[PDB]
């Protein structure tokens, strides 16, 4: 048994500071290689994370189930923990396809966590075989605000899971809201997946999605075409530099999707 792990599970920051001062180690791990820092992050217990880091907890330890403290913080949703770990050099890019921080945060709709992972150099387009891109999982789970954050950041609107594009996952889902969104960022409506099928063919007979994929089977407006082209010139999370252009404010906001 372990008082340090036990205190960290429940967010007992007083018990933790007590244990530390009596001489208990902070880098103690179980047989599964779980440290008290892992458990603190899992619970989103920011005070306990601070205390453990101050006393030299390791931020990149990997459990037997391939979880890192950063991964757990992404499960908890505590943006403060995620941020704090990123500051202390938590590795953004894991080794396991079973515990990808950016995907877990995306499937759970933890936008702010996603945002930070990208900011710290994470690959926004990381394509894991059996999951897809973070864009793809956010779509599958109908996480509207992750999708909009990912697209705005410069995520490739067409990379999903295998040959199945995000527009496909969205069609199965029947999300009219997410469909419009993907199309604003240039999703290909004419793409075929592993079954040869196109997105329109996966949407219920009774939906306006069918009319949406087909009424907009024509070409986008020239303004839409110019926007896609201009945004294509900026790197991930650089689109804000559109501010520095000599252009009417109305158009900067259009390019920024605001």
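Residue numbers count along the first chain shown, from 1.
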Averaging CA B factors per stretch from the PDB record, which one is higher: 149-157 or 126-134? 126-134
Assert higher mean C-alpha B factor (93-101 or 166-174, deposited values) equals 93-101
If I read the C-alpha B-factors straight from the PDB entry, which of 38, 50, 227, 197 is highest? 197
Taking the values exactly as deposited, rank residue 22 by C-alpha B-factor within its chain and report the matching third: lowest, middle or highest. highest
Residue 72: CA temperature factor from the record, placed by chain third, in the middle
Going by the entry, which third of its chain does the Cα temperature factor of residue 212 land in? highest
Which third of the chain does residue 141 land in by C-alpha B-factor: lowest, middle or highest? middle
Compared with the other modelled residues in the chain, in which third is the CA B-factor of residue 44? lowest
